[PDB]
Amino acid sequence: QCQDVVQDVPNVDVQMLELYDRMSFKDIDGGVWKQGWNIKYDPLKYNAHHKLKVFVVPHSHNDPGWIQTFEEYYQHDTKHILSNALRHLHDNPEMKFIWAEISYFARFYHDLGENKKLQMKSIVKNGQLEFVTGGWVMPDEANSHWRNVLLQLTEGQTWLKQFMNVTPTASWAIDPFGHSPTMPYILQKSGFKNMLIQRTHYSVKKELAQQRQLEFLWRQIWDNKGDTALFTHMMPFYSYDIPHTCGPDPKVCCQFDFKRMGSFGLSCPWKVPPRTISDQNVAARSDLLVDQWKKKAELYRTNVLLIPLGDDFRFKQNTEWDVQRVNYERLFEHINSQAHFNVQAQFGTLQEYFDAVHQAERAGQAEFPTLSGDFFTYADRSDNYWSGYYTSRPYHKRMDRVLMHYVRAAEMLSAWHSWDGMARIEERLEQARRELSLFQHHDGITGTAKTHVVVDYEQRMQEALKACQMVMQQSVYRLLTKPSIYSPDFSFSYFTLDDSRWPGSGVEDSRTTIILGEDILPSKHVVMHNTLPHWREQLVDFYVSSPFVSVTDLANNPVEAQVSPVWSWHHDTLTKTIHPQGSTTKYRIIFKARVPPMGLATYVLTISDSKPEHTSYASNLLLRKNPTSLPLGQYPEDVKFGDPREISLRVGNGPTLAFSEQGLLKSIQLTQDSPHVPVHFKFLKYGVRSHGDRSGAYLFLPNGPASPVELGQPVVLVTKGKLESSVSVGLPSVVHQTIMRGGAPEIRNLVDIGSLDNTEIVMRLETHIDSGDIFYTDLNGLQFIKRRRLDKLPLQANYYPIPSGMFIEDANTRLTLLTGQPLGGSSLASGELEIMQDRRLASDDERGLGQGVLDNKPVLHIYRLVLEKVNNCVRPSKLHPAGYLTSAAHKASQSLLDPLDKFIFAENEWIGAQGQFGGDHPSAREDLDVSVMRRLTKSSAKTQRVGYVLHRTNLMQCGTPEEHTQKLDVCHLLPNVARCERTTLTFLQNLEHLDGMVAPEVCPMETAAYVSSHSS
Ligand SMILES: *[C@@H]1O[C@@H](CO)[C@@H](O)[C@H](O)[C@H]1NC(C)=O
Ligand SMILES: [Zn+2]
């Protein structure tokens, strides 16, 4: 019995949308605690029978790339921190240290001699060094897809289980720029019991602190019962550095950062330095410090207090270890021996803190509030909202989603077989997982690293894409060649991948042309892969060297095809126009591929001397004044010309779209007899403030509402075909394309902001929809959350991450925009949606990056636009914090994130070729996905194991019967199953041994993991 995620509004103590609606967000000077108030406490609260227990938790925040690359920081800082931690913890048995970033720890450990590896294991086993979270990185929470948050968590935790024999159950997220409930969702299903967060809006910290609601049971927005709840501690102050972690007054706390006395090149901004603790000052110093602790303790419900002790790349120098430890040891000895304080203070770990808090809870000392919602958009001070990084470095944001899919496909394709070690499959997959995992760092995908660090991430992701291609193409060859003929060279390229949308037309010529000719090669095999667990049709396209090409399946059945020219757009520096040129020797062929669930389908492209019976040719119309000719070689239809004009197009029995004379959508008509609904695309620009704070990689500080881009008289190209039609327009900084294939349109923007300094380009949709102040945005590609535009907050606070889509609706109509890349967006007026495309900023925004964003490069952004009637849909009530996609919008999102993969056979003849793989795979209900399929064992293992992550979304019921489907039992996808277990999502703990070796499907909004074991 599944929980209903639509109809029951959860009763929680704190619901963030409701809290936002009531809160005033005034930025008043609260005294030494600038964004709070002067905290008072009753000295009589703690006594002999009830002491304040204080855990001082040493830590070192190590960014895997930011101002330096991963490898530069490793060489210059992290290897020294870890080596000195090993020495100092070994030598000082009461000292403690927590570590978060497993990418660095693995880089260090694998360079240690055996003697030191053993010492390291002993300080972990004895509890002195404790891993927190245990992910490869500490991920961004705004732009990251949940599948990649899980990937990186699994990469780090798998490493820790194998080498350190530990699995963290407490998470530490001190630096991502705002926080998502996707984290507790994944963590709770991965064995965690507690989590800590820090970067939340200063007004939220004040509000929750006043009510002692900084520790809470964080449940999902739709969860009525509470089974998703994860205990969460929110830190109360402005930073995680020592000045902001001992108590409310940084001028005092800074005196207890013993690295700031001078010799380390650090000082206290508040102008009172630390002083070495001695017998003649320890009483006074302890009085000051305990007073700060007791104030901090007033904000929480138990008598157990967490005091983090650390900062960025701390605990490097031996002298720094000594100066912090010895001074703190003298404070503890004095405080703990002086009964009047009623304090017991010690170095601790994060787990120790949480264990003690829950001991207090069980003693009945405290009850904790329940909370749902998210913690975007973050502001650390004043109006400085961190919504810029929702868009910064959008080329790499898009590359993240391409690689996400490539990793899933490579792991799935190669999972079907066991591979000899010589094939290097595990090596290539581990490289690809680790590079993608690294980029989930909160300075990777966020676009907040220095230029040369961004280059490092890009090069690492390119290597990862090449690794995935290699694994995928070896796997396709194996899966589709008769076994007694299969003769692999594991270094050879049997297929190359063809990707139409990455890096994308005008980003890179990387697309191979299939070269056919009477005197060279009559035909070519191509293969499509479908990673989704249902039968899928999708139009696919290839470049070919003749327009006279026909398509057949591998029963030699003709397949209907359409040939179109290859159009590229050029900024003509001579005519000062942006206009398309057609190839006279290469052509695009398009046809519908039909591919089994988690399967492969082979087709053949064959040249002929003349127009093939089953291939049609698109017409082309170039709208511009002063046209010049556009020859297209042997292409059978001549290009037509016209002055700019409004136009209408309809493909299949799909919607009719109307366009303005500037080539931009103006209306959509869903059916023949239905109305033309206004839906108007517009491009605008935001600028930067000439006074006060400047936008940069993190902050979005616009100088007012956006202004329309001046379009001039742009060139519009219309291609009209039986299978696919398009309207493309060359605008300043954007080649904008609307593509129609018979359902919701696809939008592609080739965005090149060029040298336009201090500019952010936004794409806006204007409609009639009576949405008011409500809109919906997704969180990590997992869930859609209700947003409310608040006029009490500035424009940039009303921007939210759009990691995979957004929608507005009224009683009757919804408009959903799905994205193939995370970007920032909002609805700034009723009936509007907007999403930022790129931003180029000359200034640093004072958050430590030390540069602007001036390294833009052309990026192809992709979208689907779904207009729907929703008056018949069963939707949540007005007080529910969630929203849900329709079937068509979810499928559209899947078309963007997990398209069919296209392979071109590399050599002239494929001996032993087969037509299909996976025809007998179950075609699962449309809301179910196999998010992960990964073989967990190498070929020498007697018992093979394959792990699956299933996810079931929740789609709106809108009266479509859409019925008969097959049960998917992932445990029987591979033969000879001997056991099926439900596991944590990382595959690291068995939770249930499943009857009959059958893996049940999951409920709406649930995710489960299963491991099947196979005798081999
Ligand atoms: C892994 O940790 C413990 C189980 O949680 C021990 O019981 C087990 O022996 C250990 N493995 C070792 C120490 O190699
Ligand atoms: Zn950081």
Side-chain angles (χ1 to χ4, degrees), residues 391 394 504-507 565 567-582 620-630 639-649 657-667 678-688 702-720 725-739 745 747-766 832 834-842 856-861 863 865:
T391 302
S505 251
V507 222
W567 293 111
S568 55
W569 285 81
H570 296 306
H571 176 32
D572 192 341
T573 55
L574 278 303
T575 58
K576 303 291 179 172
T577 58
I578 305 169
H579 64 78
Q581 293 288 283
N620 300 271
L621 169 68
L622 202 274
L623 302 174
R624 89 179 308 204
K625 292 220 77 161
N626 199 29
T628 45
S629 63
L630 288 168
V639 179
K640 277 74 203 153
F641 304 87
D643 283 349
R645 65 167 193 265
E646 299 209 339
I647 58 145
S648 187
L649 284 167
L657 298 207
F659 300 81
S660 74
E661 82 170 61
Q662 294 125 97
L664 294 154
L665 190 67
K666 57 182 294 195
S667 76
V679 181
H680 282 78
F681 268 125
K682 188 177 275 167
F683 288 86
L684 308 100
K685 45 180 59 175
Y686 289 101
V688 169
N703 64 333
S707 307
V709 173
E710 290 196 54
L711 305 187
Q713 202 164 16
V715 178
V716 176
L717 169 69
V718 183
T719 298
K720 177 178 160 196
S725 295
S726 53
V727 179
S728 303
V729 59
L731 304 176
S733 302
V734 183
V735 181
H736 169 72
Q737 308 139 58
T738 303
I739 304 163
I747 311 303
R748 301 185 185 169
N749 292 335
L750 181 65
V751 183
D752 182 5
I753 195 159
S755 56
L756 298 180
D757 275 33
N758 296 318
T759 293
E760 318 202 23
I761 307 175
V762 71
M763 181 180 62
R764 181 175 301 160
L765 278 162
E766 300 170 336
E832 296 183 357
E834 73 181 58
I835 195 167
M836 199 71 75
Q837 302 302 291
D838 202 357
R839 57 209 302 268
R840 179 173 177 90
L841 299 159
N856 312 79
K857 55 201 277 182
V859 52
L860 182 76
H861 287 326
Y863 311 86
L865 186 61

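Count residues from 1 along the sequence. Both backbone and side-chain heavy atoms feed into the values below; hydrogens, waters and symmetry mates do not.
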With heavy-atom distances below 4.5 Å as the criterion, would you say the side chains of [X] and [Y] are in contact?
X: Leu756; Y: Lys685; result: yes
X: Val751; Y: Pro394; result: no
X: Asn620; Y: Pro565; result: yes
X: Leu860; Y: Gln737; result: yes
X: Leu765; Y: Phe681; result: yes
X: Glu760; Y: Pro702; result: no
X: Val727; Y: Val716; result: yes
X: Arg840; Y: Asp757; result: yes

>> Does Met763 form a side chain to side chain contact (heavy atoms under 4.5 Å, CB included) with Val734? I'd like the steps, not just the answer.
In response: CA-CA 10 Å; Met763 181 180 62; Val734 183; over 6 Å; no
*Full working for side chain to side chain contact (heavy atoms under 4.5 Å, CB included) between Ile761 and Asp838*: CA-CA 6 Å; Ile761 307 175; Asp838 202 357; 5.6 Å; no
Nearest 0.5 angstrom please: [X] [atom1] to [Y] [atom2], how far?
X: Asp752; Y: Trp569; atom1: CG; atom2: CH2; answer: 14.5 Å
X: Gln837; Y: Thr391; atom1: CD; atom2: OG1; answer: 8.5 Å
X: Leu865; Y: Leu657; atom1: CG; atom2: CG; answer: 8.5 Å
X: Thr738; Y: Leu649; atom1: OG1; atom2: CG; answer: 9.5 Å
X: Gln662; Y: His736; atom1: CD; atom2: NE2; answer: 11.0 Å
X: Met836; Y: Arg764; atom1: CE; atom2: CZ; answer: 9.5 Å

Per side chain to side chain contact (heavy atoms under 4.5 Å, CB included), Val639 is matched among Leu717, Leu621, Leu630 by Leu630
Tested for side chain to side chain contact (heavy atoms under 4.5 Å, CB included) against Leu622, the lone hit among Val718, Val715, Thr719, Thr628 is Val715
For a quick test of reading the model, state the closest non-hydrogen atom pair linking [X] to [Y] and the distance between them.
X: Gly506; Y: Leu750; value: CA-CD2, 3.5 Å
X: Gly730; Y: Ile578; value: CA-CG2, 3.9 Å
X: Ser629; Y: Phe641; value: CA-CZ, 4.0 Å
X: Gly663; Y: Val729; value: O-CG1, 3.9 Å
X: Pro580; Y: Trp567; value: CB-CE3, 3.9 Å

Item to complete: Could you go through the side chain to side chain contact (heavy atoms under 4.5 Å, CB included) check for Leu664 and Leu711 one step at a time?
Response: CA-CA 11 Å; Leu664 294 154; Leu711 305 187; 3.9 Å; yes
Checking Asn758 side chain against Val688 main chain: does a donor-acceptor pair fall under 3.5 Å? no
Query raised in the report: Does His570 use its side chain to pair, donor to acceptor, with the backbone of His579 at less than 3.5 Å?
Result: no
Side chain to side chain contact (heavy atoms under 4.5 Å, CB included) for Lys666 and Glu646? Distances and angles first, verdict last. CA-CA 9 Å; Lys666 57 182 294 195; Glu646 299 209 339; 2.8 Å; yes
